[PDB]
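Please read the structure below before turning to the comments.
Labels below follow one simple rule: chain letters A, B, ... track the order of the sequence lines, proteins then strands, and each chain is numbered from 1. Every heavy atom of this structure was used, including side-chain atoms; hydrogens, water molecules and symmetry mates were not.
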Protein chains: 8
Amino acid sequence: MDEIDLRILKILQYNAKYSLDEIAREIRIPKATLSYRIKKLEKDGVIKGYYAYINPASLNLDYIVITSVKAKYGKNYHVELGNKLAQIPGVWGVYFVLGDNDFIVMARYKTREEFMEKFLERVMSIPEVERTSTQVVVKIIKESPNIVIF
Amino acid sequence: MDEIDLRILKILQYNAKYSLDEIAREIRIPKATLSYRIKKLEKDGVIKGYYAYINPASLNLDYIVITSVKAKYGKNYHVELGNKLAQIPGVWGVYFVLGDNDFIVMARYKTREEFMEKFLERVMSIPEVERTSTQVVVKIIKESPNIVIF
Amino acid sequence: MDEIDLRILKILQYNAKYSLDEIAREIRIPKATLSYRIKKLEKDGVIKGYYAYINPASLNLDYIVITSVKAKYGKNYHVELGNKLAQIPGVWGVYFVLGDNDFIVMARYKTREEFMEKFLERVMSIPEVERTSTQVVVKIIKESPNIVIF
Amino acid sequence: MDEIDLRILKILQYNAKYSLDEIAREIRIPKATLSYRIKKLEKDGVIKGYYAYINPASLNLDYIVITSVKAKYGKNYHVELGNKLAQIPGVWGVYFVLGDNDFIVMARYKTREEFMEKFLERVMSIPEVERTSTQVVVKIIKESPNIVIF
Amino acid sequence: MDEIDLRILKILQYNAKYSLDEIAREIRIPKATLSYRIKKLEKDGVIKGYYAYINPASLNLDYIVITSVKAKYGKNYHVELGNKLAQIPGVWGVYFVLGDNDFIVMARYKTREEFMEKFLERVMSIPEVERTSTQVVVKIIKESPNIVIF
Amino acid sequence: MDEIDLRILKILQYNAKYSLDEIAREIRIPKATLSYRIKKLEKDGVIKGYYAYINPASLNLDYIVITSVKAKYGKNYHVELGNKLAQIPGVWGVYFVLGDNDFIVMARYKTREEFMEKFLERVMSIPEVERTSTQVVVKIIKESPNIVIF
Amino acid sequence: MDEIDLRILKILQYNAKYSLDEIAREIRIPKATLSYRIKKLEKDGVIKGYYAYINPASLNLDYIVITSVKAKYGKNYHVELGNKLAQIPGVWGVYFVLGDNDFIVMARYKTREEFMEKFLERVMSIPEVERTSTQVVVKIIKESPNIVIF
Amino acid sequence: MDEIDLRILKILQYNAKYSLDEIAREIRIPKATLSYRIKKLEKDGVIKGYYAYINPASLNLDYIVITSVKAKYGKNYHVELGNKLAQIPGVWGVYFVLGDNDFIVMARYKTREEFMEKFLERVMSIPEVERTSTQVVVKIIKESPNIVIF
Ligand SMILES: [Mg+2]
Ligand SMILES: [Mg+2]
Ligand SMILES: [Mg+2]
Ligand SMILES: [Mg+2]
Ligand SMILES: [Mg+2]
Ligand SMILES: [Mg+2]
Ligand SMILES: [Mg+2]
Ligand SMILES: [Mg+2]
């Protein structure tokens, strides 16, 4: 893609509901050309889709947690554990990272009780788990994963 | 909000581009009523906006990191540090968590070089930082922060 | 309950032996009404009971310890371990906490010898224990678990 | 004190509201003698007082925390910090322990918000604090500090 | 024992080769009485024996190490491990300590090679060992275990 | 020195009170030659002296501790701290070790109170101390620093 | 070897392509004598060989890592693990160290992907591995293992 | 460069003293062409130079260490510390790594004494050092930094 695509994405990452006319005027290109470029970005897998940004508080998601999960070595324990973690309701992020050489799991729940029942108790029952450390998020300074172009 | 709003949000969290007709049919309610409910959710701050989901790889964001930053105690060092972290280009998430009682910073860069120049070198220059630990994400098992209703 | 119940509890948490007359005068309500309110709090499970506060030193409880116990993952090891810990003579507090994601055990003994025989040796024999760390309390700055209303 | 005093304390630690007659019958001694012995225990500082046991949940104390606080060395930082910690509303226990060679603080709050405002923010402002680690209690297996005679 | 015994021990802890006459004069008591008191201390198990203090360097004991050894929980692993550690040639001290809740082993060897062959390789072969951490002593500021009376 | 000196030291390390005749017979050499060799070892600094081995329990030394002390970097803080540690009454061993790159301090006290007053409180007042960790020895499996020849 | 050999090695460690004449002049000795001394050093195993120093960047070796690998205790797990680590393509250094009492592995790869496929995934499949921690090298301040004479 | 250059480098990384004829025969290309390609690699900075591989033991380099050094945050402490570390005699490798987010220093000395005098004492005097951890290498399983093509 080119610089024009980047300018388009820079806008769509923040507000996908801006009419074509508005965007066409901002970047200075024919509306039909804008539409074409957008359709091409979607087809090329650049734009994966469009989502509504919902306020977690509105859904009473008050118990936010980030958990480190260490896996037992051998067989295929690591890859398997990653998959089991990602299937847990409430879990939106699962990453394997170097340094701690383990999984970092991002999740959201309405209450401590839900967290315990849906997440912790389930993870505690997984035998290939060596250790876990749950950091309770008590403050979200910033959370805009949608912003990929600064 | 009610159960109907929840069903609507459950759809919009995945695809905000579904025509009203389609959604109206799925949930079984008048199109005008659907439109009204959606407009009300936006006005009540439930739906904060609509974003395009862009594939990080398409932008060559190959260097993904999660960093723990500990702050010096006293004065207003903690709150201040949180703000400085959130302003760094590439940083999309900043949280203060219990357990490690520190900040967890999510960021994305194209290369090691960019990470060093834009993030690490900047953080290294902040005196109220006591310690930092950067975990290099080498595998994204799952990352769907948009999914708030499972 | 109401504000009056709170004022009553604020007194009973410190001294349950204050005559009804005295309390009735302090909060300014009929003695019969005070008695009724207290009886209602006990019946509603707010007031669980009344205890004598005994000075641990008077019983030569000189060896005070706080131990972190990590459990093996899988099966029902975690819940089971918690129960085994709480049954040990001398143990008055057992909590499962996030962060270290393990159990914190509060106990009191007369001497190192008793601690070893009654607590440590018993815990050491439990196979589902992964690690333990005993912090020896050498100074009790404050310990008033009875104070719930500040 | 003697064995009889111990039997008396073993009862009073659980229920201080048992009439003298009842206790007199259980331990087999004259009521007047029981009353005398109890009065003597109070005078000798063995029985410090009588408290009502209030159910924390009844007061919505849902955010329970245990925090480790490390102090800077030198001057009188350690002793001073201990005192500052014990004065924080919600804090019921403060201990200095060996091993981690730091303070362990027990506290209770109604919500995350109260915890942050009353405890964490206050501690964060104390300059002689080197590090803190807050363990969020998500399960109280046992908490009977009143039981000193097993 | 009394104050006189203490004065005698204070001398014998440093130099057991001081003639009776000399000690008798220093503490001001009959020589026969001194001899008697010393014989009594040996008989009562206070004085366990007399040793020559040999300079480790004279024996080329250049590789001094302090190792922490963690044991697996369950069965009698802990007590057993302690015994196995104490039997290793070169090991002069074995302690079980709280805090790290493990064994601390003091040993001396002539070279890295001897340390590896006699100690490390042997410990590495013990299955009930969970972890070990060997601290290499590069400086002996003080080592006078014989001094028990300051 | 030679093999004969080693055999002599192997005996003196355990019992310095064995008459010359006895040792002369065991190793098979003239008594006068034994005496000469011993005198030479003392003169050459091999045998530093002779001590009485006193049972710590006999002196009620019930509070045994091993503490790790980390020093601030810069100036001459490290060397200085080592000296301050070695001068504390009760401290018999002070070592600087690699790995943790800090000081390990061995000490003995009669009670927790003495430990606090004589050791901990003093160390807490030293500003160049960065961290300390005191391991409470609850079991002495072996402690024979006098044995240098196995 | 002597001082002259050392001067020769001091040169060869930096540049093995200096003609004999040049070296002969610098150190002031007959060329034939220089050649002889060099041949003798090679024969005595002092000079193991001559290598070309290749710039890692020229080969796109952009992913540099240093990993700590802990081994399970018992049997011959430790020695065996060391050998398995050293056989992994990309691994140039494997050391067993005290302190962490584990293996430190130095390796180089072109990309994160290669690192994952050739190193991490392979190590993850080894059952006798207890833990691993990979430090991502983001800056090579100095790397001149060839310099042995300063 | 091409595949032929790679084959040439694969040989030169192990033995830079192979005559041109030998290499020319192995890879199957004109000797003059081989010479040209090698000269081009040197000119393009691919081949930085040629070194003699000296056996560390031959120089009595028996004390091998790997040290982690943490730097204070702020100003230019980090970059500056890296430079100071790399200038220490005996230090051949200095890297800044993520995970521990600190410096890893590789060094070699003949004895503990030299290590202390040349390295440790010098580092201890640097005020911007927050912590250090020296791992003593007691076994070199593999060390072939020259091998860049496997
Ligand atoms: Mg989005
Ligand atoms: Mg979204
Ligand atoms: Mg109470
Ligand atoms: Mg009570
Ligand atoms: Mg002795
Ligand atoms: Mg001795
Ligand atoms: Mg070389
Ligand atoms: Mg080379």
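The side chain to side chain contact (heavy atoms under 4.5 Å, CB included) with G/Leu85 is formed by just one residue from the set G/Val69, G/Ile104, G/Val91; it is G/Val69. The ring-ring contact (aromatic ring centres under 6.0 Å, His included) with C/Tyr63 is formed by just one residue from the set C/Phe119, C/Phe115, C/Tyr109; it is C/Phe115.
One finds the CE atom of G/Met124 at 14.5 Å from the OH atom of A/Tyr77 (value rounded to the nearest 0.5 Å). Between the CD atom of G/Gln87 and the CZ atom of G/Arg122 there is a distance of 7.5 Å, given to the nearest 0.5 Å. Considering CG of G/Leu98 and CG of F/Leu98, their distance stands at 9.5 Å, rounded to 0.5 Å. With rounding to the nearest 0.5 angstrom, the CD1 atom of F/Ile140 is 5.5 Å from the CD1 atom of F/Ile64. Taking OG of A/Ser125 as the start and NE2 of C/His78 as the end, the distance is 10.5 Å to the nearest 0.5 Å. Expressed to the nearest 0.5 Å, how far CZ of D/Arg131 lies from CG of D/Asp102 amounts to 12.0 Å.
Counted by atom type alone, D/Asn101 and F/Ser133 present zero donor-acceptor pairs between their side chains at under 3.5 Å. In summary, the side chains of F/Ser144 and F/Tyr14 do not present any donor paired with an acceptor at a separation below 3.5 Å, with no hydrogens or angles considered.
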Under the side chain to side chain contact (heavy atoms under 4.5 Å, CB included) criterion, do F/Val94 and F/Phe103 qualify, and how do the steps go? CA-CA 7 Å; F/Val94 177; F/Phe103 292 100; 4.1 Å; yes

Evaluate the criterion side chain to side chain contact (heavy atoms under 4.5 Å, CB included) for residue pair E/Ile66 and E/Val105; output intermediate values, then yes/no. CA-CA 6 Å; E/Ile66 296 175; E/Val105 183; over 6 Å; no

With salt bridge (charged side-chain N to carboxylate O under 4.0 Å, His left out) as the criterion, how do G/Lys70 and A/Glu130 come out once you've worked through the C-alpha distance, each side chain's angles and the decisive distance to 0.1 Å? CA-CA 14 Å; G/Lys70 292 184 163 45; A/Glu130 193 82 337; over 6 Å; no

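Nearest heavy atom pair, residue F/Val138 against residue C/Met116, reads CG2-CE, 3.5 Å. Scanning all heavy atoms of the two residues, the minimum distance from F/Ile141 to E/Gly82 falls at CG2-O, 3.6 Å.
Note on E/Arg112 versus H/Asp62: salt bridge recorded, some NZ/NE/NH1/NH2 to OD/OE distance being below 4.0 Å. Salt bridge E/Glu114/E/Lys110: absent, no basic N to carboxylate O contact under 4.0 Å. Here A/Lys75 does not pair with A/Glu128 in a salt bridge; the nearest charged N to carboxylate O distance is not below 4.0 Å.
Two residues are said to be in side-chain contact when any heavy atoms from C-beta on lie closer than 4.5 Å; G/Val129 and G/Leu81 meet this criterion. Using a 4.5 Å heavy-atom threshold, the side chains of D/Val97 and C/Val136 count as separate. Within the 4.5 Å cutoff, the side chain of C/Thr67 has no heavy atoms near those of the C/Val123 side chain. Residues F/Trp92 and E/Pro145 meet the side-chain proximity criterion, which asks for heavy atoms closer than 4.5 Å. Side chains of D/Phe96 and F/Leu120 form a contact here, defined as non-hydrogen atoms less than 4.5 Å apart. Side-chain contact between H/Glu143 and G/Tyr95 is present, with heavy atoms from C-beta onward closer than 4.5 Å. Under the 4.5 Å side-chain criterion, counting only non-hydrogen atoms from C-beta, H/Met106 is in contact with G/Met106.
Atom CD of E/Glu80 has more than 12 neighbouring heavy atoms from other residues, nucleotides or ligands inside a 6.0 Å radius. Summarising the local packing, NZ of D/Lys139 is surrounded by 12 or fewer heavy atoms from other residues, nucleotides or ligands at distances under 6.0 Å. Within a 6.0 Å sphere centred on NZ of C/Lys118, other residues, nucleotides and ligands contribute 12 heavy atoms or fewer.
Under the 3.5 Å distance criterion, the side-chain polar atoms of D/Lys142 are matched with a main-chain donor or acceptor of C/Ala86. Distance alone, capped at 3.5 Å, places no donor-acceptor pair between the C/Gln135 side chain and the C/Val65 backbone.
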